[PDB]
Each structure stands twice: as C-alpha cells, then as structure tokens.
$ cat data-v3.tsv   # TSV, C-alpha atoms and all ligand atoms
chain	number	residue	atom	x	y	z
M	1	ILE	CA	99.01	89.82	96.81
M	2	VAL	CA	97.46	87.66	94.05
M	3	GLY	CA	99.81	85.59	91.91
M	4	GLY	CA	102.94	86.37	93.92
M	5	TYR	CA	105.50	84.38	95.88
M	6	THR	CA	106.57	83.99	99.50
M	7	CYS	CA	109.17	86.72	100.16
M	8	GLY	CA	111.13	84.87	102.85
M	9	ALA	CA	111.45	86.05	106.47
M	10	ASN	CA	112.79	89.61	106.78
M	11	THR	CA	113.87	89.95	103.13
M	12	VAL	CA	111.79	93.14	102.86
M	13	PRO	CA	113.16	94.90	105.94
M	14	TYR	CA	111.30	98.21	105.40
M	15	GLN	CA	107.85	96.55	105.37
M	16	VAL	CA	105.65	97.34	108.36
M	17	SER	CA	102.27	96.06	109.51
M	18	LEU	CA	99.78	98.54	111.00
M	19	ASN	CA	97.87	96.87	113.82
M	20	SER	CA	94.69	97.93	115.67
M	21	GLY	CA	94.08	94.57	117.35
M	22	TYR	CA	94.62	92.90	113.94
M	23	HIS	CA	96.61	93.63	110.80
M	24	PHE	CA	94.73	96.18	108.66
M	25	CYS	CA	97.25	98.00	106.42
M	26	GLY	CA	100.84	97.98	105.25
M	27	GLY	CA	103.41	100.78	105.37
M	28	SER	CA	107.07	101.61	104.78
M	29	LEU	CA	109.75	102.67	107.29
M	30	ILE	CA	111.54	105.75	105.91
M	31	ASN	CA	113.74	106.52	108.95
M	32	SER	CA	114.06	105.39	112.55
M	33	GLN	CA	110.98	107.27	113.69
M	34	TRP	CA	108.63	107.69	110.68
M	35	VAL	CA	106.38	105.46	108.56
M	36	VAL	CA	104.63	106.28	105.27
M	37	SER	CA	101.29	104.69	104.38
M	38	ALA	CA	98.04	105.41	102.54
M	39	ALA	CA	95.68	108.10	103.81
M	40	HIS	CA	92.75	105.66	103.41
M	41	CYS	CA	94.46	103.61	106.15
M	42	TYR	CA	93.94	106.37	108.73
M	43	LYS	CA	92.54	105.46	112.13
M	44	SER	CA	93.32	106.18	115.77
M	45	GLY	CA	95.01	103.72	118.11
M	46	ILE	CA	97.65	102.41	115.68
M	47	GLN	CA	100.54	100.17	116.73
M	48	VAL	CA	103.35	99.82	114.18
M	49	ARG	CA	104.83	96.32	113.91
M	50	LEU	CA	108.34	96.07	112.47
M	51	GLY	CA	110.44	93.06	111.65
M	52	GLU	CA	107.40	90.85	110.91
M	53	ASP	CA	107.12	87.75	108.76
M	54	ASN	CA	104.32	85.60	110.24
M	55	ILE	CA	101.96	88.18	111.74
M	56	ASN	CA	100.30	85.55	113.98
M	57	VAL	CA	103.51	84.12	115.56
M	58	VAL	CA	106.20	85.85	117.61
M	59	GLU	CA	109.38	84.74	115.81
M	60	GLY	CA	111.99	86.91	117.56
M	61	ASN	CA	112.85	89.89	115.32
M	62	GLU	CA	109.72	91.99	115.94
M	63	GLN	CA	109.61	95.52	117.33
M	64	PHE	CA	106.17	96.78	118.42
M	65	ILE	CA	105.93	100.58	118.74
M	66	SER	CA	102.85	102.77	119.21
M	67	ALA	CA	102.18	105.77	116.97
M	68	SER	CA	102.34	109.16	118.65
M	69	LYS	CA	101.05	111.31	115.76
M	70	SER	CA	99.48	110.71	112.35
M	71	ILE	CA	99.39	113.28	109.53
M	72	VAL	CA	97.10	112.81	106.54
M	73	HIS	CA	98.05	114.80	103.44
M	74	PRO	CA	96.34	118.22	103.56
M	75	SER	CA	94.69	117.70	100.14
M	76	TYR	CA	93.61	114.06	100.54
M	77	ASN	CA	90.22	113.46	98.85
M	78	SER	CA	88.56	110.26	100.07
M	79	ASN	CA	86.09	110.15	97.18
M	80	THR	CA	88.69	110.19	94.38
M	81	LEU	CA	91.67	108.93	96.47
M	82	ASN	CA	93.79	111.80	95.10
M	83	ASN	CA	96.76	112.49	97.40
M	84	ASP	CA	96.41	109.08	99.15
M	85	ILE	CA	99.38	109.38	101.51
M	86	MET	CA	99.88	109.72	105.26
M	87	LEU	CA	102.82	109.97	107.68
M	88	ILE	CA	103.00	108.21	111.06
M	89	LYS	CA	105.49	109.18	113.79
M	90	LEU	CA	106.59	106.49	116.26
M	91	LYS	CA	106.54	107.17	120.00
M	92	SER	CA	110.19	106.05	120.08
M	93	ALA	CA	112.88	105.34	117.50
M	94	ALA	CA	113.13	101.87	116.02
M	95	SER	CA	116.41	99.97	116.37
M	96	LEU	CA	117.79	99.55	112.84
M	97	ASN	CA	119.61	96.36	111.81
M	98	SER	CA	119.80	93.94	108.87
M	99	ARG	CA	116.17	92.84	109.33
M	100	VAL	CA	114.60	96.23	110.20
M	101	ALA	CA	115.79	98.99	107.88
M	102	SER	CA	114.56	102.17	106.24
M	103	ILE	CA	113.91	102.59	102.51
M	104	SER	CA	115.23	105.63	100.67
M	105	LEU	CA	112.95	108.29	99.20
M	106	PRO	CA	113.33	108.94	95.46
M	107	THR	CA	115.18	111.86	93.90
M	108	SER	CA	113.42	111.39	90.55
M	109	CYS	CA	110.23	109.75	89.33
M	110	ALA	CA	110.49	106.29	87.83
M	111	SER	CA	109.59	105.72	84.17
M	112	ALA	CA	107.16	103.27	82.65
M	113	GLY	CA	108.79	99.90	82.02
M	114	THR	CA	110.71	100.02	85.31
M	115	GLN	CA	110.43	96.79	87.31
M	116	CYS	CA	109.24	97.12	90.91
M	117	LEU	CA	108.63	94.97	93.99
M	118	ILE	CA	105.25	95.08	95.76
M	119	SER	CA	104.68	93.32	99.09
M	120	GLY	CA	101.98	92.74	101.70
M	121	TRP	CA	99.77	90.42	103.76
M	122	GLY	CA	96.62	90.98	101.70
M	123	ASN	CA	94.21	88.58	100.03
M	124	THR	CA	95.81	86.07	97.64
M	125	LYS	CA	92.63	85.22	95.66
M	126	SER	CA	90.84	87.30	93.02
M	127	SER	CA	87.57	85.42	93.58
M	128	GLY	CA	87.01	84.38	97.17
M	129	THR	CA	89.25	84.99	100.15
M	130	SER	CA	92.41	83.53	101.66
M	131	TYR	CA	94.62	85.67	103.80
M	132	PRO	CA	98.24	84.55	104.28
M	133	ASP	CA	100.10	84.84	107.58
M	134	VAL	CA	103.56	85.35	105.95
M	135	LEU	CA	104.64	88.21	103.71
M	136	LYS	CA	104.00	87.84	99.96
M	137	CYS	CA	105.93	89.50	97.13
M	138	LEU	CA	105.27	90.46	93.49
M	139	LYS	CA	107.53	91.83	90.74
M	140	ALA	CA	105.62	94.06	88.34
M	141	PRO	CA	106.42	96.89	85.90
M	142	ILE	CA	105.19	100.45	85.91
M	143	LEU	CA	102.70	100.89	83.07
M	144	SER	CA	102.60	103.81	80.66
M	145	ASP	CA	100.39	106.77	81.55
M	146	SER	CA	98.36	106.25	78.37
M	147	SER	CA	97.59	102.61	79.19
M	148	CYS	CA	96.71	103.58	82.77
M	149	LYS	CA	94.31	106.34	81.66
M	150	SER	CA	92.72	104.07	79.04
M	151	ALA	CA	92.05	101.44	81.73
M	152	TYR	CA	90.49	103.97	84.18
M	153	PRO	CA	88.95	106.75	82.07
M	154	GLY	CA	88.57	110.00	83.99
M	155	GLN	CA	90.01	108.64	87.24
M	156	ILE	CA	93.82	108.92	87.00
M	157	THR	CA	95.42	112.11	88.29
M	158	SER	CA	99.04	113.20	88.01
M	159	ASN	CA	99.55	111.83	91.55
M	160	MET	CA	98.85	108.22	90.45
M	161	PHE	CA	100.45	105.52	88.35
M	162	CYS	CA	99.45	102.01	87.28
M	163	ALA	CA	101.65	98.97	87.76
M	164	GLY	CA	101.03	95.33	86.94
M	165	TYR	CA	99.73	93.24	84.05
M	166	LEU	CA	96.94	94.12	81.64
M	167	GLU	CA	96.34	90.36	81.19
M	168	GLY	CA	95.43	90.03	84.88
M	169	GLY	CA	96.30	87.31	87.35
M	170	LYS	CA	98.91	89.26	89.35
M	171	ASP	CA	98.10	92.28	91.50
M	172	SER	CA	97.94	93.73	95.01
M	173	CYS	CA	94.65	93.19	96.83
M	174	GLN	CA	92.58	93.93	99.94
M	175	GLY	CA	94.84	94.22	102.97
M	176	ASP	CA	97.88	95.25	100.87
M	177	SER	CA	96.72	98.90	101.25
M	178	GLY	CA	99.44	101.31	102.32
M	179	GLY	CA	102.26	98.95	101.37
M	180	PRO	CA	105.39	99.74	99.40
M	181	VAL	CA	106.21	99.73	95.71
M	182	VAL	CA	110.02	99.74	95.52
M	183	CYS	CA	111.89	100.23	92.23
M	184	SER	CA	115.67	100.34	91.90
M	185	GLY	CA	116.07	100.60	95.66
M	186	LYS	CA	113.76	103.62	96.08
M	187	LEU	CA	110.20	103.95	97.38
M	188	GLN	CA	108.16	105.00	94.34
M	189	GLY	CA	104.59	103.95	95.20
M	190	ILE	CA	101.97	103.19	97.86
M	191	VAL	CA	99.24	100.57	97.34
M	192	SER	CA	96.15	102.78	96.83
M	193	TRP	CA	93.19	101.39	94.83
M	194	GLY	CA	91.86	99.48	91.85
M	195	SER	CA	88.82	97.72	90.47
M	196	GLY	CA	88.91	94.38	92.22
M	197	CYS	CA	92.20	92.46	92.15
M	198	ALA	CA	94.05	90.87	89.22
M	199	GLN	CA	91.18	91.45	86.76
M	200	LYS	CA	91.88	91.71	83.05
M	201	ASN	CA	92.54	95.30	81.89
M	202	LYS	CA	92.30	96.60	85.50
M	203	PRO	CA	95.81	96.96	86.95
M	204	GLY	CA	96.54	98.31	90.40
M	205	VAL	CA	96.76	102.06	90.98
M	206	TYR	CA	99.48	103.48	93.25
M	207	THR	CA	100.26	106.83	94.90
M	208	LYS	CA	103.17	108.55	93.08
M	209	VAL	CA	105.58	109.13	95.97
M	210	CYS	CA	108.06	111.23	93.97
M	211	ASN	CA	105.46	114.05	93.93
M	212	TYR	CA	105.46	114.26	97.74
M	213	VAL	CA	109.16	114.23	98.70
M	214	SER	CA	109.20	117.96	99.53
M	215	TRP	CA	106.09	117.65	101.72
M	216	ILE	CA	107.50	114.56	103.46
M	217	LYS	CA	110.84	116.22	104.15
M	218	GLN	CA	109.37	119.47	105.48
M	219	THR	CA	106.83	117.65	107.65
M	220	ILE	CA	109.41	115.39	109.28
M	221	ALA	CA	111.72	118.36	109.93
M	222	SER	CA	109.06	120.20	111.99
M	223	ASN	CA	107.30	117.41	113.90
F	1	LIG	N1	95.31	96.45	93.62
F	1	LIG	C1	94.82	96.47	95.02
F	1	LIG	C2	93.88	97.64	95.15
F	1	LIG	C3	93.17	97.75	96.46
F	1	LIG	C4	93.44	98.58	97.50
F	1	LIG	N2	92.54	98.39	98.51
F	1	LIG	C5	91.63	97.45	98.12
F	1	LIG	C6	90.53	96.93	98.80
F	1	LIG	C7	89.77	95.98	98.15
F	1	LIG	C8	90.13	95.54	96.87
F	1	LIG	CL1	89.14	94.32	96.10
F	1	LIG	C9	91.21	96.03	96.20
F	1	LIG	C10	91.99	97.01	96.83
F	2	CA	CA	105.63	87.70	114.00
$ encode --input "data-v3.tsv" --output "structure tokens"
Amino acid sequence: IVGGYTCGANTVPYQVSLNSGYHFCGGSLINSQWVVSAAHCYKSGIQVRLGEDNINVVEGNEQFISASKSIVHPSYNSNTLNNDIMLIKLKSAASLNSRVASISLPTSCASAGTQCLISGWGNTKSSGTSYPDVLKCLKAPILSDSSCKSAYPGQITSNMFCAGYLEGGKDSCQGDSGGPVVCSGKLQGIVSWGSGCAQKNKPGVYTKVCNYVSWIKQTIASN
C-alpha cells in the first residue's frame, strides 16, 4: 500500500497472508474453511496465515493452516487477467473470534463514489522498494466505469473496476495482490493489477466480486 496508514493489530480480521516460505499474496476469509484470493496468486504448497499483524513476529493471535485444495476460476485468462479470482479450502476450519472473522459476500454490486478499505503488506513506495512488516490500510473510492476505461483503453472488462485517485500518490502495490477491497461491510473487490503503483492517471484495477457470488456459492457447496 502506497500512501496509506498503519491499520492497527487485528483491526482487519478477515485479512489473510498466503505463505510459501514467505508472504507472497493477500486474501480474504469468507467462512471458517474458505479463502478468496486472486488467480494470479496461484501456486502449490500454500499455508494460510490468519490473525496476522507483524508477519515476521509471532504475536499470539495467529492461526496457521495448510490449504487442502485450490480452485482457479474456470475462465481465468492470465494474459488479460480477466476473471482473476481463486478459492482456497483450508485443511481444517479456522477458529472464529473478534480478531479472526469472515467477511460477507455482496448481494449487489457497489456503485462508483462508494468509499472502500484496501489492505495489505505490499510495497509502500512508488519508486523504489520498502516492504512493511505490519498491515497497511487505505481508504479509496470506486471510480466511474468511464474514467476507468479512459485510463486503460481496451483493457477493462465487465469483471473489473477501478478504485483510487486519478491524481496518484495512493494505491495498492506489489505484494498487495489477492487482498480485499471492502465497502460498506461487504467484499466487493480483489487486488488484481495496474500500471505501476500510485502513478498519475493510472488507478488500481480490481476483480469485481459481485459477478462471482453464484460461482463462489456453488463451488463451496460441492467441495
Ligand atoms: N495497484 C496494485 C496493482 C498490482 C498488482 N500486482 C502488482 C505487481 C506489481 C505492481 Cl508494480 C503493481 C501490482
Ligand atoms: Ca505474526
């Protein structure tokens, strides 16, 4: 997250870290046994880390649980990033409490102008590199479809939306991939792609979760 603030320990209780010997992607806990992330985060050998703030220190509220199955969306296209969404099943159910909690799926799509919260452990610089150990947060609005399409001509499908600031300076970044965009208490987006971080006229692009609720629900019911 570039231009954000320190969330505070366990104030984003649905935020997960995906770990393969090191943090490599974010994700969101949607019930006691399932995580949603970005399809471009796929790899084998994933451990899901819940209840994290400092990802390099054991602070006492962590739960570490291995993934038993991963399911990339059937129409994911890695060249265009269309349908950038994946489900991860935990080998055992997480123990839910005030610091580890699921986030609700949406019943309707959010409109442009809605304020959202984006979080992750990604890079905090737009030029250069500095990775934080504690979770960073950013409040940002959903942008209109016309502004999003004008910023990324020919690249925005109906499964994407833009959120952020056309002036630049605030954005998600490398290592925030897969993380949540939460608006009005519902999961509306997944950190997906962009052109750099926090550049002028190049806001972040996010997977439009409301388009996938039926697929998520059916998949969880049969796996
Ligand atoms: N708005 C963040 C978009 C994003 C997702 N994965 C990334 C990897 C590298 C860089 Cl420079 C940016 C990204
Ligand atoms: Ca920790």
$ residues_near_ligand --input "data-v3.tsv" --ligand "ligand CA 2 (chain F)" --cutoff "10 Å" --atoms "only C-alpha atoms and all ligand atoms" --output "PyMOL selection string"
chain M and resi 9+49-63+133-134
$ write_last_selection --input "data-v3.tsv" --atoms "C-alpha atoms" --output "mmCIF file, in the coordinates of the input"
data_model
loop_
_atom_site.group_PDB
_atom_site.id
_atom_site.type_symbol
_atom_site.label_atom_id
_atom_site.label_comp_id
_atom_site.auth_asym_id
_atom_site.auth_seq_id
_atom_site.Cartn_x
_atom_site.Cartn_y
_atom_site.Cartn_z
ATOM 1 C CA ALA M 9 111.450 86.050 106.470
ATOM 2 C CA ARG M 49 104.830 96.320 113.910
ATOM 3 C CA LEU M 50 108.340 96.070 112.470
ATOM 4 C CA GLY M 51 110.440 93.060 111.650
ATOM 5 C CA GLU M 52 107.400 90.850 110.910
ATOM 6 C CA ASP M 53 107.120 87.750 108.760
ATOM 7 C CA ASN M 54 104.320 85.600 110.240
ATOM 8 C CA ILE M 55 101.960 88.180 111.740
ATOM 9 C CA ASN M 56 100.300 85.550 113.980
ATOM 10 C CA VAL M 57 103.510 84.120 115.560
ATOM 11 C CA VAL M 58 106.200 85.850 117.610
ATOM 12 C CA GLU M 59 109.380 84.740 115.810
ATOM 13 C CA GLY M 60 111.990 86.910 117.560
ATOM 14 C CA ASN M 61 112.850 89.890 115.320
ATOM 15 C CA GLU M 62 109.720 91.990 115.940
ATOM 16 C CA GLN M 63 109.610 95.520 117.330
ATOM 17 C CA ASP M 133 100.100 84.840 107.580
ATOM 18 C CA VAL M 134 103.560 85.350 105.950
#
$ residues_near_ligand --input "data-v3.tsv" --ligand "ligand LIG 1 (chain F)" --cutoff "10 Å" --atoms "all atoms listed in the file" --output "JSON, numbers by chain"
{"M": [1, 2, 25, 38, 40, 41, 122, 123, 125, 126, 127, 162, 163, 164, 170, 171, 172, 173, 174, 175, 176, 177, 178, 179, 190, 191, 192, 193, 194, 195, 196, 197, 198, 199, 202, 203, 204, 205, 206]}
$ atom_distance --input "data-v3.tsv" --atom1 "atom CA of residue 39 of chain M" --atom2 "atom CA of residue 19 of chain M"
15.2 Å
$ residues_around --input "data-v3.tsv" --residues "residue 147 of chain M" --least-positions-apart "2" --cutoff "12 Å" --atoms "only C-alpha atoms" --output "PDB file with C-alpha atoms, in the frame of the given file"
ATOM      1  CA  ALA M 112     107.160 103.270  82.650  1.00  0.00           C
ATOM      2  CA  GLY M 113     108.790  99.900  82.020  1.00  0.00           C
ATOM      3  CA  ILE M 142     105.190 100.450  85.910  1.00  0.00           C
ATOM      4  CA  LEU M 143     102.700 100.890  83.070  1.00  0.00           C
ATOM      5  CA  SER M 144     102.600 103.810  80.660  1.00  0.00           C
ATOM      6  CA  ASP M 145     100.390 106.770  81.550  1.00  0.00           C
ATOM      7  CA  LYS M 149      94.310 106.340  81.660  1.00  0.00           C
ATOM      8  CA  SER M 150      92.720 104.070  79.040  1.00  0.00           C
ATOM      9  CA  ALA M 151      92.050 101.440  81.730  1.00  0.00           C
ATOM     10  CA  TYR M 152      90.490 103.970  84.180  1.00  0.00           C
ATOM     11  CA  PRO M 153      88.950 106.750  82.070  1.00  0.00           C
ATOM     12  CA  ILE M 156      93.820 108.920  87.000  1.00  0.00           C
ATOM     13  CA  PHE M 161     100.450 105.520  88.350  1.00  0.00           C
ATOM     14  CA  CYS M 162      99.450 102.010  87.280  1.00  0.00           C
ATOM     15  CA  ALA M 163     101.650  98.970  87.760  1.00  0.00           C
ATOM     16  CA  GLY M 164     101.030  95.330  86.940  1.00  0.00           C
ATOM     17  CA  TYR M 165      99.730  93.240  84.050  1.00  0.00           C
ATOM     18  CA  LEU M 166      96.940  94.120  81.640  1.00  0.00           C
ATOM     19  CA  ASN M 201      92.540  95.300  81.890  1.00  0.00           C
ATOM     20  CA  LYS M 202      92.300  96.600  85.500  1.00  0.00           C
ATOM     21  CA  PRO M 203      95.810  96.960  86.950  1.00  0.00           C
ATOM     22  CA  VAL M 205      96.760 102.060  90.980  1.00  0.00           C
TER      23      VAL M 205
END
$ closest_residue --input "data-v3.tsv" --among "M:109, M:18, M:220, M:209" --to "residue 33 of chain M" --atoms "all atoms listed in the file"
M:220
$ residues_near_point --input "data-v3.tsv" --point "(96.1, 118.5, 96.6)" --cutoff "12 Å" --atoms "only C-alpha atoms" --output "PDB file with C-alpha atoms, in the coordinates of the input"
ATOM      1  CA  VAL M  72      97.100 112.810 106.540  1.00  0.00           C
ATOM      2  CA  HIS M  73      98.050 114.800 103.440  1.00  0.00           C
ATOM      3  CA  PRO M  74      96.340 118.220 103.560  1.00  0.00           C
ATOM      4  CA  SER M  75      94.690 117.700 100.140  1.00  0.00           C
ATOM      5  CA  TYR M  76      93.610 114.060 100.540  1.00  0.00           C
ATOM      6  CA  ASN M  77      90.220 113.460  98.850  1.00  0.00           C
ATOM      7  CA  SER M  78      88.560 110.260 100.070  1.00  0.00           C
ATOM      8  CA  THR M  80      88.690 110.190  94.380  1.00  0.00           C
ATOM      9  CA  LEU M  81      91.670 108.930  96.470  1.00  0.00           C
ATOM     10  CA  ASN M  82      93.790 111.800  95.100  1.00  0.00           C
ATOM     11  CA  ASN M  83      96.760 112.490  97.400  1.00  0.00           C
ATOM     12  CA  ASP M  84      96.410 109.080  99.150  1.00  0.00           C
ATOM     13  CA  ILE M  85      99.380 109.380 101.510  1.00  0.00           C
ATOM     14  CA  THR M 157      95.420 112.110  88.290  1.00  0.00           C
ATOM     15  CA  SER M 158      99.040 113.200  88.010  1.00  0.00           C
ATOM     16  CA  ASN M 159      99.550 111.830  91.550  1.00  0.00           C
ATOM     17  CA  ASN M 211     105.460 114.050  93.930  1.00  0.00           C
ATOM     18  CA  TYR M 212     105.460 114.260  97.740  1.00  0.00           C
ATOM     19  CA  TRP M 215     106.090 117.650 101.720  1.00  0.00           C
TER      20      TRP M 215
END
$ atom_distance --input "data-v3.tsv" --atom1 "atom CA of residue 167 of chain M" --atom2 "atom CA of residue 154 of chain M"
21.3 Å
$ atom_distance --input "data-v3.tsv" --atom1 "atom CA of residue 217 of chain M" --atom2 "atom CA of residue 87 of chain M"
10.8 Å
